[PDB]
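Working notes for the structure below.
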Amino acid sequence: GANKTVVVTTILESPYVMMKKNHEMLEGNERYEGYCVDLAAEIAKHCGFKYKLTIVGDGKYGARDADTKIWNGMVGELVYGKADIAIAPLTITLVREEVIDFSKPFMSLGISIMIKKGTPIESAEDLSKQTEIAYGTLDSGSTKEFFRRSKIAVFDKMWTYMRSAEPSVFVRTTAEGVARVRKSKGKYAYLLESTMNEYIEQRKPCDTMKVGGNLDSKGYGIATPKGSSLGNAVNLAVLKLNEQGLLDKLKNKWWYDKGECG
Ligand SMILES: CN1N=C(C(=O)O)[C@@H]2[C@@H](C(=O)O)NC[C@@H]21
Ligand SMILES: [Cl-]
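Last residue of the sequence shown: number 262 in PDB author numbering, and the count goes up by one each step with no gaps.
Below, the structure written as structure tokens:
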């Protein structure tokens, strides 16, 4: 049939998608800025479609409720037909791959440790061998699942602690995790994706630090409904954009050009 505007679902997560300061005076796609806003424009240009950015209605990434079997978040919007494509820091995972299609990754990352500056922790092993400093993950996401599945002694010790810790060590959003690090006087460490950690480290108040290496290696992908015809072109566009340097240009624009910490 005739071409229609492609509905893009995305999520407010810095520096991927943010409201422009003057969004009250703006309409449509111009309300938003960030890495994924720029990426959406490039994908649409390289696939020849017009598009409308929308913020996921429930504010969530995408997980399946164990009792109802209903998918929430951006994944749900694709699964149930409410959006045509998701362009966001959505981690490529086994369970999501079963219900949606993912492009090859547009960004590489791994699980990492965030501390308040001066916290006496250098590694995951350090965290696992002590109790004074609490530590946790985003409550629904791929980081939590890495710990749930690990056979590595240190990480399994960490999961056994986190899953039963009181009060809960799990947080609702990145912003909550960061705030908890900043306000807990060194007594909370946050396990999160290296991409967010590295962004936050270069934002005022310049009071956090990434410690140690990454624990794994994964990727973010552009997602489409399973079997969608848009999937093939989007996948080729991601590879083409990487090969020409555009993805790294956008990463440097949104991470290090805008660093506030010297
Ligand atoms: C904010 N992000 N942190 C995550 C984590 O699990 O650390 C989630 C992960 C996912 O797609 O589940 N990538 C987006 C979310
Ligand atoms: Cl081991």
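Heads up, the beta-carbon is just placed ideally off N, CA and C, and yes, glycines get one too.
- Inside the segment 171-256, DSSP marks whole alpha helix (DSSP H) runs of 4 or more residues at positions 174-183, 194-201, 230-243, 246-254, from first to last along the chain.
- Between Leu250 and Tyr35 a beta carbon distance of about 5 Å is seen, short of the 8 Å cut, so the two are scored as contacting.
- Counting only beta-carbon distances shorter than 5 Å to the non-hydrogen atoms of ligand 2, the qualifying residues in chain order are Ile152, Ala153.
- Note that the C-beta distance between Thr93 and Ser142 is below 9 Å.
- According to the DSSP assignment, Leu109 belongs to the beta strand (DSSP E) that extends over 107-109.
- Around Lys117, the same chain offers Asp207, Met209 as residues with beta carbons nearer than 6 Å, after the five sequence neighbours per side are excluded.
- Within the DSSP secondary-structure output, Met114 pairs in a beta bridge with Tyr190, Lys210.
- A straight line joining the alpha-carbon of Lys82 with that of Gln130 spans about 46 Å.
- Assignment of alpha helix (DSSP H) within the segment 76-100, counting only whole runs of 4 or more residues, yields 94-97 in chain order.
- Note: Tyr135 is bridge-paired with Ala189 in the DSSP secondary-structure output.
- Note: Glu33 is bridge-paired with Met18 in the DSSP secondary-structure output.
- Between the segment 37-52 and the segment 65-76, the count of C-beta pairs closer than 8 Å stays below three; the two stretches do not touch.
- When beta bridges are read from the DSSP output, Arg163 appears opposite no residue.
- Distance check between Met74 and each of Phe49, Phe102, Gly48 places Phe102 closest, using alpha-carbon atoms only.
- Shortest gap from the CB of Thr143 to any heavy atom of ligand 1: under 8 Å.
- Using a 10 angstroms sphere on the CB of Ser194, the tally of other CB atoms reaches 16 or more, which defines it as buried.
- For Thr54, the enclosing beta strand (DSSP E) has its first and last residue at 51-55.
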